[PDB]
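sequence? don't have it. structure:
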Ligand SMILES: NC(=O)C1=CN([C@@H]2O[C@H](COP(=O)(O)OP(=O)(O)OC[C@H]3O[C@@H](n4cnc5c(N)ncnc54)[C@H](O)[C@@H]3O)[C@@H](O)[C@H]2O)C=CC1
Ligand SMILES: NC(=O)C1=CN([C@@H]2O[C@H](COP(=O)(O)OP(=O)(O)OC[C@H]3O[C@@H](n4cnc5c(N)ncnc54)[C@H](O)[C@@H]3O)[C@@H](O)[C@H]2O)C=CC1
Ligand SMILES: NC(=O)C1=CN([C@@H]2O[C@H](COP(=O)(O)OP(=O)(O)OC[C@H]3O[C@@H](n4cnc5c(N)ncnc54)[C@H](O)[C@@H]3O)[C@@H](O)[C@H]2O)C=CC1
Ligand SMILES: NC(=O)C1=CN([C@@H]2O[C@H](COP(=O)(O)OP(=O)(O)OC[C@H]3O[C@@H](n4cnc5c(N)ncnc54)[C@H](O)[C@@H]3O)[C@@H](O)[C@H]2O)C=CC1
Ligand SMILES: NC(=O)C1=CN([C@@H]2O[C@H](COP(=O)(O)OP(=O)(O)OC[C@H]3O[C@@H](n4cnc5c(N)ncnc54)[C@H](O)[C@@H]3O)[C@@H](O)[C@H]2O)C=CC1
Ligand SMILES: NC(=O)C1=CN([C@@H]2O[C@H](COP(=O)(O)OP(=O)(O)OC[C@H]3O[C@@H](n4cnc5c(N)ncnc54)[C@H](O)[C@@H]3O)[C@@H](O)[C@H]2O)C=CC1
Ligand SMILES: Nc1nc2c(ncn2[C@@H]2O[C@H](COP(=O)(O)OP(=O)(O)OP(=O)(O)O)[C@@H](O)[C@H]2O)c(=O)[nH]1
Ligand SMILES: Nc1nc2c(ncn2[C@@H]2O[C@H](COP(=O)(O)OP(=O)(O)OP(=O)(O)O)[C@@H](O)[C@H]2O)c(=O)[nH]1
Ligand SMILES: Nc1nc2c(ncn2[C@@H]2O[C@H](COP(=O)(O)OP(=O)(O)OP(=O)(O)O)[C@@H](O)[C@H]2O)c(=O)[nH]1
């Protein structure tokens, strides 16, 4: 059980088309024959599936010891029905076009599941950042954008890179600075070419913790749904149950704190080295220190090394957040859990899905969970496309206008019950007192994220009941994804051909 | 005491770096040695200080008598950490690269003190507009932009000119029309290349009086601060004290009315010709007529000519708003005032500062006062970048929604106290009645300006206490300025070098 | 014996580097250590070898029956040391990135062997032109350029497509017309984006027969070299020996006529269907008719069907001109020939080379033979980059000036021997009479091609003796190729890295 990662995501898309194909002909309003309309649907589905562009590079670089190297680099743009196309830049010696093509596809559907205006994209670099000088990573990241930009694969109108595995705000700043100063110098939207930038360079409050909140608001939108918890046989709530984490990195890290702050007791955590198992809870603050002190989660003196993979650890909510294809046909029989959230991108093989549906354990699709990161990188790309600190124009104004609603209510009452002259004191609460001056930059993020992953969780529930998919929310997700991208191709007069 | 105007502003920047350098190493989070980190700070400070681009021109023109002339023209772009770069266009026979370089620097800090997304810039033209036909000024202004545009010094992504000395809305319209019709024709943001345009050409309510409000809200934010007025030995309030004005032009003019309407009695006013001294108040309306009738503030029959410079006149609030370096080591001993506001750009020599701190008289930095003009020209550049009359989308909607808050409150009460059926009339006040339909174009200006210069006045107070700078708010201003521009260079991975 | 076609061409490049590496260190003039210089050479060699860009596409098309299809399309740009990059566009259901990458590499060396200023490139389309309407091929070819152009893979400054397998002047006209009218409309060099265009659309006399002349002048430059014919044991001349042809298409066709007109008796010919064997000669005119009448070379009533592959036919000069990898380890033992020319691109597997060197049969590298086609498509790209019919400016002038050389010689003699008054008639010959008006468009082609493949044949001979490669001219060719591309990288300061 190790399919070509692109043949796998295609496999999910397949079961999606196998169910939509019927409810999609009846919504096609053209005037043709029944079979003809189906010969129209299946055709458009064959256009969605493949990637529309897969660039492939090679970089002469000069390492600090003067020697040269080549660096294969990739970038796919899955679909063009929606511009621009976002997608992270991954640094790993395990990246390939067969991987990038699929990760590129997912973000075409992630962005469709959470209603974000972007096509899919993804860029890889065969590289191990743990090997190279922090000068060499600059000469590599800047060259990698110099190559893309001149071939039309970076720019606020075509593609928007983003952080991903083994990349952070450090790299994303090198990109925005190279693009702004070479190609899109005159363009007013220069700095808006990448997301995940540092705050001082045009970022957004909580771009790092963005994905974590995703995993959080996702789990919350289901744990607090009794219709499934009655099936899974658990309790709506967090402090009553626990969870584990694969891949203590950005997702895994912030998936903890936001899920740790509400009573859910993070049992264990692991990484490429080993596992750290404590059935009583690990402080996400303290462990975060060792990643900056001891280089690994190992040695953590408030837990122990675990002779076994996290995926088999007894818990309540499994969260693979480290790499692809981790759960598989050989790990599925030994999960011993109830819910498998997904921070990583397609961490479950399609063979293991049936076993999970068979074992009666709910799998929440990665299309829905790690989509939080996108929906915040959208606010960033949209922040620095308007050139204004959101809400700055109307801080002093909203603060005044609200002080005149409450006043008018007061002045109005002091004429009806004011016969005694009694001063009715209409004053804000503690909560409203914060929201007087309006929506600050952080407020729309903590809301626009919690809202985007509210509508999405419904549209997934609303579908899985319409088609009776039970706990295969994944298939229900692709249905909502495919139905949306279809109406774009259908009405667009797909081509000039 | 007549330093090179660029060696002067550098001198202020110096005393700024001399205090930040310590509290800035500890905020640098890189992993190096102490001395190394200081070898990193001082280096970045040497990058901020100089101008990154100083163009220099020469114009063949054809005067109306057919003769040719050359016209030296300058433009500096101080820093590029923030695009675009705004900066006025000054017409004076006293402009030079040594001047423009410094005025360019100030606006890099002005924009940093009031948190406005622009680098600094400034453009000069060795010219005397009082000499040339109002046709020749067009052939000069249009040629001056034709030259800049083709070399990448005008355009909504690089630079945005603005009014300044001896230029008004007349000139700024010639620029926007030349740029829109030659270089950026196809660009959607063509007309957004300059600010200070006429309203019919995309201006903003009160762009002329914008700078005056700055000087006003600045003074107000300090006069109403007892912590200093206890030191200066005066009273928080305006009608109890007076003020004078140097340079009756745009700043000086509107600095009067907005400071005249609140009881502060404008004692005198002067210009290149002479002074007009009346210890009982000059009507800013009446005097404004003579500038359009008698060509000068002289002859004003409700005052007298003053055999002396304004800077020595007895008053309470001195406002130099005419030119640079006016106060100096020779004028400082004879100020006879309490507060010296600054409408002009660096009207005080650094030598006179010590004398002012010694004489125990508070000097409000020009970085803070005339920054109002920028913060409104930002709203303009941001108005005509969105292509919509701000608030037009939601006039009829907010008006309705507010009529349903007040109604719901009424309908809610008529069920609790409505046992008598008594019609509770929840109706807006007089004030709220204006703010029903929402934020109009003028409302955000009168607020966004009053708000921007609220946060700034605090950050300056908040610093001058943290470092104990007493009344040298100027040094406190640069500290806040330098700390902000530093975090941009620091995190940006300053160069690809 | 069926290596990955890119692992094969790499294999030749390898044996090339294995011999140059020594004679290339001594020509490196930098000041380093011996081993260091070798750590510099091997590094640059690792930069040359891989492709710098390999795009990959997918086309929604609308077949005439209304159904949709996807069409994978590829394009590689091997190297960028020389812009633009030429390369054909092949239509075949057997194309893939693993093929295009190598064919792209060859043209980086072809162009280096014949000193033509282009990097390598190649574009494929998984398609069978024998299946689609001649309308559908237009909707496919135009879309394929629309996709490339917007991503910077067509244009006289980056890439220049050209005819190749299953494409002719029909397709190349659709490309030039689509590019000229969409992307490079304003560009003055629009129509110069592709070569192989029809004459009326900016072609060159004999662009079709261009490659054939290549195969001809190549063979001639060796057959008339006794130094090898003494080794091979044959006779310098054509009418005394015969030859066969694989792949009667463009190359194979015109390889016949130009080699048929000089006595060499074309024995047989074959194609995807079958062979046509006549040991007495096939009229290239008559057989050309059946390709336009009977759809195949079969049925040709002046020969017979041959139960066997051409590659084993007894002859004197074998010319595979149909596809890749035709000769191989299984066909090498049964060649029964003396010289194997190569019209096709790498039609010989590296394993069969040793067998050919062992069997003492000379293999002429495809790098040298089919390079004629490029050297004419260069004249085209250079014709329509100058916007003038070459030689038109000086037809009437050269005709006059020559009539004054011959006259002056006459007038000069009629003073020395003119004592008798005898009219010396200095008049042109028959041959010169043609070349009076100068170099017409066709003359430079028939010369610039015959000349380009003169210098190249020497530099290959001049190398194979310097290094004693005997009859492995192929390895001698790559040596001259690598030595040239190396001096470009070496001196260029290879990167900004
Ligand atoms: N971080 C983000 O912004 C986003 C991340 N994701 C997904 O989340 C996943 C992880 O987040 P990242 O930020 O990439 O974390 P990261 O970039 O910090 O690295 C993940 C960590 O997991 C560990 N790990 C990697 N492979 C492993 C394996 N096979 N077994 C055990 N441990 C392993 C590594 O030590 C690494 O520290 C990624 O796979 C990505 O697909 C998706 C969207 C946004
Ligand atoms: N290089 C570029 O083109 C960049 C452009 N931008 C744009 O600027 C706007 C900034 O808004 P926000 O940062 O959200 O406001 P904000 O109030 O969130 O500002 C965040 C930080 O930026 C600093 N800052 C503000 N103005 C500055 C200036 N003129 N110079 C140096 N530092 C300054 C402030 O001190 C604050 O610490 C964004 O909308 C973005 O579109 C932002 C970053 C880089
Ligand atoms: N007006 C604006 O939009 C802004 C102005 N400023 C600063 O405000 C100052 C004045 O405002 P402007 O609009 O330029 O005024 P303005 O362009 O109307 O001219 C200033 C007036 O002051 C008088 N004056 C000039 N030099 C003088 C001297 N040495 N002694 C006595 N009188 C003199 C002149 O007669 C002139 O009428 C300028 O120096 C400029 O740096 C700063 C930001 C924006
Ligand atoms: N040349 C250009 O490209 C210009 C573009 N603009 C853009 O147009 C927008 C206009 O909004 P505001 O002026 O703030 O609205 P507004 O309500 O403030 O309009 C101000 C004046 O413009 C006049 N006006 C409005 N639409 C007009 C039209 N179609 N033709 C002639 N006059 C008209 C109105 O009568 C009004 O007196 C701005 O956002 C600006 O971005 C503005 C000026 C010039
Ligand atoms: N024609 C040109 O302009 C140039 C051609 N070449 C090379 O010359 C070769 C042939 O020239 P083209 O113009 O492509 O000819 P073409 O495009 O007319 O087709 C070649 C012919 O050979 C036959 N053929 C193909 N594969 C075969 C196989 N496996 N067995 C038997 N017969 C087969 C086909 O029936 C076809 O008619 C190509 O492989 C190409 O690499 C190289 C440079 C320029
Ligand atoms: N669409 C475009 O931009 C094209 C531009 N060109 C340029 O035009 C130049 C033409 O030179 P050659 O064709 O080598 O000269 P040529 O003497 O070889 O002309 C070849 C044919 O073109 C025809 N022709 C010449 N001028 C014409 C015109 N104004 N309208 C229609 N047909 C005409 C002639 O009758 C002749 O049959 C080339 O240098 C090429 O650069 C050529 C073809 C297409
Ligand atoms: N690595 C790390 N990041 C943190 C930590 N605390 C907060 N952050 C991030 O830094 C940002 C600033 O935190 P706050 O000032 O508390 O604002 P906030 O958004 O209310 O913080 P949260 O509610 O925890 O998301 C947050 O949005 C988080 O994304 C922490 O302890 N460790
Ligand atoms: N030169 C000059 N300008 C004026 C005068 N009165 C108003 N203005 C400017 O013209 C604009 C229109 O004035 P109003 O209709 O009163 O609107 P406003 O913003 O409430 O006016 P103010 O509150 O005085 O700023 C104002 O914003 C001022 O900038 C005046 O008497 N003389
Ligand atoms: N298919 C085909 N093409 C031909 C034939 N004869 C000539 N051509 C091509 O058409 C062009 C015009 O031929 P010519 O007028 O004889 O000029 P040319 O260049 O002297 O012809 P060649 O010397 O045979 O190359 C030639 O350059 C050939 O490329 C032919 O019989 N069949």
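Right, received. Where do you want to start? Residues are numbered from 1 along each chain as shown, chains lettered A, B, ... in the order given. Ligands and ions are numbered 1, 2, ... in the order given.

tell me which residue in the stretch 101-250 of chain A sits closest to ligand 1.
The nearest approach of the stretch 101-250 of chain A to ligand 1 comes at residue A:249, 2.0 Å away (C-beta to the nearest ligand atom). The way it works is simple: take the backbone N, C-alpha and C, and place the C-beta from them, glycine included.

okay, now the closest residue to ligand 8 within the stretch 51-200 of chain A: neighbour count?
Using C-beta to the nearest ligand atom, the single residue of the stretch 51-200 of chain A nearest to ligand 8 is residue A:188, 28.4 Å away. Other residues lying near residue A:188 total 21 when counted by other C-beta atoms under 10 Å in any protein chain shown.

so the residue of the stretch 101-250 of chain A closest to ligand 1 touches residue A:322, yeah?
Yes. Using C-beta atoms under 8 Å, residue A:249 is in contact with residue A:322, at 7.1 Å.

shared neighbours, the two?
When C-beta atoms under 8 Å, 6 or more residues apart in numbering or on different chains defines a contact, the residues bordering residue A:249 and residue A:322 alike are residue A:271.

what's the spacing between the closest residue to residue A:393 other than its chain neighbours and residue B:213?
Once flanking residues are discounted, residue A:393 sits nearest to residue B:444: 5.1 Å by C-beta to C-beta, 6 or more residues apart in numbering or on different chains. To residue B:213, residue B:444 is 13 Å away according to C-beta to C-beta, to the nearest Å.

can you list the residues of the stretch 201-350 of chain A near ligand 1?
A:211, A:247, A:249-251, A:270-272, A:321-323, A:343-345 (C-beta under 6 Å from any ligand atom).

show me which pair in the residues you listed is furthest apart.
Distance extremes for these: the farthest pair is A:211 and A:272 at 19.7 Å, using C-beta to C-beta.

more neighbours: these two, which one.
residue A:211 (29 against 8).

surely that one is within a helix?
Yes. Using DSSP: H, G, I helix; E, B strand; the rest coil, the assignment for residue A:211 is a helix.

residue A:483: what's it in contact with?
Applying C-beta under 8 Å, 6+ apart, the residues near residue A:483 are A:20, A:24.

rerun that using 6 Å as the cut-off
Going by C-beta atoms under 6 Å, 6 or more residues apart in numbering or on different chains, residue A:483 touches residue A:20.

tell me which element it is part of?
helix A:473-491 (DSSP states H and E).

return the nearest residue of the stretch 201-350 of chain A with respect to ligand 3.
Taking C-beta to the nearest ligand atom, the stretch 201-350 of chain A has residue A:202 as its residue nearest ligand 3, at 26.6 Å.

which parts of the stretch 301-450 of chain A are helices?
A:350-358, A:366-369, A:371-383, A:395-416, A:430-434, A:441-466 (DSSP state H, counting those that start in this stretch).

now do the stretch 1-150 of chain A
Counting by DSSP H, counting those that start in this stretch, the helices of the stretch 1-150 of chain A are A:5-25, A:34-48, A:97-113, A:136-150.

most tightly packed of those?
Ranked by mean neighbour count, the helices of the stretch 1-150 of chain A are led by helix A:97-113 with a mean of 25 (mean count of other C-beta atoms under 10 Å in any protein chain shown).

contacting residues for residue A:163?
A:172, A:196 are the contacts of residue A:163 under C-beta under 6 Å, 6+ apart.

and for the one 4 residues further on?
Residues near residue A:167 by C-beta under 6 Å, 6+ apart: A:89, A:91.

again, but for residue A:85
Counted by C-beta under 6 Å, 6+ apart, residue A:85 has contacts A:77, A:118-119, A:121, A:159.

what does residue A:367 give?
Applying C-beta under 6 Å, 6+ apart, the residues near residue A:367 are A:109-110, A:113, A:477.

excluding chain neighbours, what is closest to it?
Residue A:367's closest residue in space is residue A:477 (C-beta to C-beta, 6+ apart), at 4.5 Å.

in terms of contact, does that neighbour touch residue A:364 like I think?
No. Applying C-beta atoms under 6 Å, one finds residue A:477 not in contact with residue A:364, separated by 9.1 Å.

compare those two (neighbour count), which wins?
Just comparing residue A:477 and residue A:364: by other C-beta under 10 Å the higher neighbour count belongs to residue A:477, 28 against 24.

just want the residue of the stretch 151-300 of chain A that's nearest ligand 4.
Counting by C-beta to the nearest ligand atom, the stretch 151-300 of chain A gets nearest ligand 4 through residue A:188, at 13.9 Å.

and the residue of the stretch 101-250 of chain A closest to ligand 1, what is it in contact with?
No contacts exist for residue A:249 under C-beta under 6 Å, 6+ apart.

likewise for residue A:438?
A:391, A:394, A:398.

just give the number of residues close to the nearest residue to it once chain neighbours are set aside.
In space, and not counting its chain neighbours, residue A:438 is closest to residue A:398: 3.9 Å by C-beta to C-beta, 6+ apart. The tally of other residues near residue A:398 (other C-beta under 10 Å) stands at 20.

ok, residue A:398 to residue B:209 distance?
24 Å.

again with residue A:72
Residue A:72 is 61 Å from residue B:209, by C-beta to C-beta.

who has more neighbours, the two?
Neighbour tally, residue A:72 and residue B:209, criterion other C-beta under 10 Å: the higher count belongs to residue B:209, 22 against 18.

against residue B:216, how distant is the more buried one?
Residue B:209 is 9 Å from residue B:216, by C-beta to C-beta.

next: residue A:378.
When residue A:378 is compared with residue B:216 (using C-beta to C-beta), they lie 40 Å apart.

now do residue A:267
From residue A:267 to residue B:216 the distance is 62 Å (C-beta to C-beta).

then residue A:332?
72 Å.

who has more neighbours, those two?
Higher neighbour count among residue A:332 and residue B:216: residue B:216, with 28 against 22, using other C-beta under 10 Å.

residues touching the nearest residue to that one once chain neighbours are set aside, list them.
Closest residue to residue B:216 in three dimensions, ignoring its sequence neighbours and counting by C-beta to C-beta, 6+ apart: residue B:258, at 4.2 Å. Shown in contact with residue B:258 (C-beta under 6 Å, 6+ apart): B:212-213, B:216.

so which of those residues is the closest to residue A:136?
Nearest member of the contacts of residue B:258 to residue A:136, counting by C-beta to C-beta, is residue B:213, at 52.3 Å.

the closest one is in contact with residue B:370, isn't it?
No. Using C-beta under 6 Å, residue B:213 is not in contact with residue B:370, being 10.7 Å away.
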